[PDB]
Amino acid sequence: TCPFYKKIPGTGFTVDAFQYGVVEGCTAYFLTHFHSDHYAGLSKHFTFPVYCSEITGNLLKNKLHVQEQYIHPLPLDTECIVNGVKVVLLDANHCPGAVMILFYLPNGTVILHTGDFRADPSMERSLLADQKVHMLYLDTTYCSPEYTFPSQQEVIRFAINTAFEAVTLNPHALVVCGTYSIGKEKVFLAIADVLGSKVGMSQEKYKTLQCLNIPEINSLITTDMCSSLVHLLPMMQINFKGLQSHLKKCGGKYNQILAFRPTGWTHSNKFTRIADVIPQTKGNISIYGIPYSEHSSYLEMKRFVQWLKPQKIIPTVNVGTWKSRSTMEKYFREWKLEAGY
Ligand code: NI
């Protein structure tokens, strides 16, 4: 059964609610982004209206084969009427195609659902500037002060400099990058660009990337692994055994691998600055874990919420334990007393 924090009161609407069968009273199902925990349930057999971005729509059609007649793509930054209710989709600064949804309820209440997001000061100059929000449904993935990490720009600077230095010292090194979902494409794109290479990958991953409206993509990726010195592999293969095995397949072209495992936050962020990061090494294989986040840090989250000044907050992440729920409620009250709303 569909939980409360996925229902939008006073509408026929749900958000990221595809794993509960037919939801009673739902006339339109919104999908914030193409991550599996959120789309869980959609397929070619789905026959209700799905509302989403253009990019999410391309992924639904080509990867899950949802029929075209039930996909309703909406433009961003544009007031749209759905089943008699005004809605707006806004860029979430998460993975490609990810949105926040603003709902203007018939009774005058305004609701913002962030989906998954990485809060940024640029959001303070979207269509959010213009008006009040009564209820915020918030991505609280990293809602505690221990969760610190660098900007995406600093992380990419570290990865480009690391890869360019290695391959210039050794022209016979291969670079490998792990993936298991969409998002974080800047990691492997920026490395390939500095090295003058296309990125090589499986047919299944190439298909996924071709749905993402990235400019000049045909110039950046390929399924011809032999032509490429930056390869993508599933994230489960980013270990010494999986990498050894991959190097065997490359026909004596390479004599070293440098690999990257983009993660979220890890507890080494407590102690070690991005500049000071070192790899794990065995023989001619080295593996870097790099903290490239597509979710708000605690400080980014706090800034956003203190700017927006919502009347009520409903968390959408870490909701399963009493200790998590209590911790989150404490921080929301500090933020409110500090800022005066
Ligand atoms: Ni996500």
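Residues numbered from 1 in each chain as written, not as in the entry; some residues may be left out. Heavy atoms only, no water. Residues with missing side-chain atoms left out of burial classes, pairs and counts.

**Remarks on the sheet that holds strand 2 (residues 13-15)**
In a beta sheet, neighbouring strands pair by backbone hydrogen bonds and run either parallel or antiparallel.
So, step 1. Overall, mixed pairing links the 5 strands, which are arranged 1-2-3-4-5 in an open sheet. Looking at the sheet topology across the chains shown, the edges are occupied by strand 1 (7-8) and strand 5 (71-73).
So, step 2. Bridge count for strand 1 against strand 2 is 2 bridges, and the pairing is antiparallel. Within strand 2, the position partnered with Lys-7 by the bridge is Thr-14.
So, step 3. Docked against the sheet, helix 2 (residues 54-63) engages strand 4 (50-52) and strand 5, running at close to 135° with respect to strand 4. (Pairing = 2+ DSSP bridges. Helix = DSSP H or I, 4+ residues; strand = E, 2+ residues; numbered from the N terminus. Contact = heavy atoms within 4.5 Å. Axes fitted to C-alpha atoms, helices over the stretch in contact; angles between N-to-C directions.)

**Section: the coordination of the nickel ion**
So, step 1. The protein atoms that coordinate the nickel ion are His-33 (NE2), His-35 (ND1), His-94 (NE2) and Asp-116 (OD), at distances spanning 2.2 Å.
So, step 2. For the nickel ion, all donor residues lie on one chain, and their spacing in sequence is H-x1-H-x58-H-x21-D.
So, step 3. Residue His-33 is classed as buried on the basis of its relative accessible area of 0%.
So, step 4. Using a relative accessible area of 15% as the deciding quantity, one classes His-35 as buried. (Donors = N, O, S within 2.8 Å, 3.2 Å for Na, K, Ca; no water. Buried < 20%, exposed > 50% of the residue type's maximum accessible area, 1.4 Å probe, protein only.)

**Notes on helix 2**
Working note: α-helix, 3.6 residues per turn, so residues spaced by three or four point in the same direction.
So, step 1. Listing the buried residues of helix 2 in full gives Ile-55, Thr-56, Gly-57, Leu-59 and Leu-60.
So, step 2. One or two positions beyond helix 2, positive phi appears at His-65, with a value near 50°.

**Section: the pairing of strand 7 (residues 85-91)**
So, step 1. For strand 7, the buried fraction is high: 5 of the 7 residues fall into the buried class.
So, step 2. Two elements, strand 6 (residues 80-82) and strand 7, share 3 bridges in a ladder whose sense is antiparallel. Paired with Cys-80 across the bridge in strand 7 is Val-87.
So, step 3. Connecting strand 6 to the antiparallel partner strand 7 that follows it, the hairpin turn spans 2 residues, and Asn-83 within it adopts a positive phi of roughly 45°.

**Quick word on the domain arrangement of the chain**
So, step 1. Considered domain by domain, the chain is made up of domain 1 (1-147 + 296-341) and domain 2 (148-295).
So, step 2. Averaged C-alpha coordinates put domain 1 and domain 2 at centres separated by 30 Å.
So, step 3. Taken together, the contacts link 25 residues of domain 1 with 20 residues of domain 2.
So, step 4. For the side of domain 1 that touches domain 2, the leading source of residues is helix 2, giving 6 residues.
So, step 5. In the side of domain 1 that touches domain 2, the residues fall into 9 nonpolar, 9 polar and 7 charged. (Domains from an automatic or database assignment. Nonpolar A, V, L, I, M, F, W, Y, C, P; charged D, E, K, R; others polar.)

**Some thoughts on the sheet that holds strand 9 (residues 110-113)**
So, step 1. An order of 6-7-8-9-10-18 is seen for the 6 strands of this open sheet, with the pairing classed as mixed. The open sheet is flanked by strand 6 and strand 18 (312-315), the only strands paired with a single partner. Recorded for the sheet is a direction-independent mean angle of 25° between the axes of neighbouring strands.
So, step 2. Taken together, the 3 bridges between strand 9 and strand 10 (residues 135-138) define a ladder with parallel strand orientation. Within strand 10, the residue paired with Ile-111 across the bridge is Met-135.
So, step 3. The sheet contacts of helix 7 (residues 298-308) involve strand 9, strand 10 and strand 18, and relative to strand 10 the element is tilted by about 170°.

**With respect to the packing of helix 3 (residues 152-169) against helix 4 (residues 185-195)**
So, step 1. Relative orientation of the contacting elements helix 3 and helix 4 amounts to 40°, with a least axis distance of 9 Å. Comparing their axes, helix 4 and helix 3 come out oblique. In terms of crossing hand, the pair formed by helix 3 and helix 4 is right-handed. Packed against helix 3, whose contacting residues are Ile-156, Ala-159, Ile-160, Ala-163, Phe-164 and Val-167, the element helix 4 presents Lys-186, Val-187, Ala-190, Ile-191, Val-194 and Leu-195 at the interface. (Parallel < 35°, antiparallel > 145°, perpendicular 65-115°, else oblique. Left-handed = near helix turned anticlockwise from the far one by under 90°.)

**A word on the packing of aromatic side chains**
So, step 1. Within the structure shown, the criterion is met by 21 aromatic pairs.
So, step 2. Each ring, one from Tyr-29 and one from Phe-46, has its centre 5.3 Å from the other, and the planes form 85°; the classification is edge-to-face. Remark: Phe-46 occurs in the loop between helix 1 (36-39) and strand 4 and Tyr-29 occurs in strand 3 (residues 28-30); sequence separation between them is 17 residues. Accessibility classification places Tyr-29 together with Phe-46 in one group, the buried group.
So, step 3. Look at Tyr-142 and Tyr-147: their rings are 4.9 Å apart centre to centre, the planes differ by 55°, and that puts the pair in the tilted class. For the residue pair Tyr-142 and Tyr-147, the accessibility class agrees, reading buried in each case. (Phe/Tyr/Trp six-rings, centres within 6.5 Å; stacked < 30°, edge-to-face > 60°.)

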